[PDB]
Amino acid sequence: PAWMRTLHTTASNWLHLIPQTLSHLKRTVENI
Amino acid sequence: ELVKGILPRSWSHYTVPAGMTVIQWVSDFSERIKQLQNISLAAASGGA
């Protein structure tokens, strides 16, 4: 239906705006 | 929830103003992740 197509575009645009990967901080003996 | 415009309750893991739409939250969430990415980049290269 129509709601599937408009939500597919909205979700696809959101996935592009939202960043993909966020790297974790590396733990070090003085870092902790 | 997405088609009706209300933010899903499984995504609200931090305080937000009452009655924020999902579009505003997505834009706000993207900015927060960008700040976290900058913090992670600085921490990785530069130490604590």
Side-chain angles (χ1 to χ4, degrees):
Chain A
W3 62 271
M4 286 176 59
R5 274 71 190 179
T6 182
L7 182 63
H8 174 281
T9 45
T10 311
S12 304
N13 300 339
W14 283 349
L15 277 174
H16 283 310
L17 309 169
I18 296 177
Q20 297 185 241
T21 62
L22 174 62
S23 67
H24 296 221
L25 298 201
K26 56 180 297 214
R27 305 201 83 161
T28 312
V29 290
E30 69 275 16
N31 281 359
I32 306 179
Chain B
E1 299 195 71
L2 290 194
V3 301
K4 185 176 180 180
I6 190 167
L7 183 63
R9 297 285 74 78
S10 51
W11 296 359
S12 183
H13 290 355
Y14 47 79
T15 307
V16 288
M20 184 179 288
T21 80
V22 60
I23 297 89
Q24 310 174 305
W25 185 93
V26 162
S27 300
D28 197 7
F29 180 60
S30 309
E31 298 180 299
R32 297 182 179 243
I33 297 307
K34 291 183 177 69
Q35 168 176 238
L36 293 187
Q37 280 178 350
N38 295 1
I39 293 176
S40 70
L41 164 53
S45 302

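Heavy atoms only: backbone and side chains are in, while hydrogens, waters and symmetry mates are out. Residue numbers begin at 1 in each chain, while the letters A, B, ... track the order of the sequences.
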**Study point:** Within one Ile-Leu-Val-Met-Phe-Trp-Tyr cluster: B:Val3 and B:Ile6, side-chain cutoff 4.5 Å
**Key:** no

Point to revise | A:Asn13 side, atom CG; B:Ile23 side, atom CD1 - distance, nearest 0.5 Å | key: 11.5 Å

Review point. Does B:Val22 share a hydrophobic cluster with A:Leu15, counting links as ILVMFWY side-chain heavy atoms below 4.5 Å and allowing steps through other members?
Key: no

Practice item. Could you tell me which portion of A:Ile18 (side chain, backbone, both or neither) has an atom closer than 4.5 angstrom to a non-hydrogen atom of chain B? Key: both

Exercise for review: Grab the two heavy atoms, one from A:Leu7 and one from B:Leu2, that are nearest each other, plus how far apart they are.
Suggested key: CD1-CB, 3.8 Å

Check your understanding: Shared ILVMFWY cluster between B:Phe29 and B:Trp11, side chains joined below 4.5 angstrom?
Key -> yes

Check your understanding: Can you tell me how far the OG atom of A:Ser23 sits from the CG atom of B:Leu36, to the nearest 0.5 Å?
Key -> 10.0 Å

Point to revise | Value rounded to 0.5 Å, distance of CH2 in A:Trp14 from CH2 in B:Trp25 | key: 9.5 Å

Practice item. Mind ranking A:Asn31, A:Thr10, A:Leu17 by heavy-atom pairs under 4.5 Å with chain B and telling me who comes out on top? Key: A:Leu17

Review point. Got A:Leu25 and B:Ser40 here, is their nearest side-chain heavy-atom distance under 4.5 Å?
Key: yes

Check your understanding: Does the B:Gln37 side chain pair with the main chain of A:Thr21, one donor and one acceptor, at a distance under 3.5 Å?
Key -> yes

**Study point:** Heavy atoms of other groups near A:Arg27 CZ, more than 12 under 6.0 Å
**Key:** no

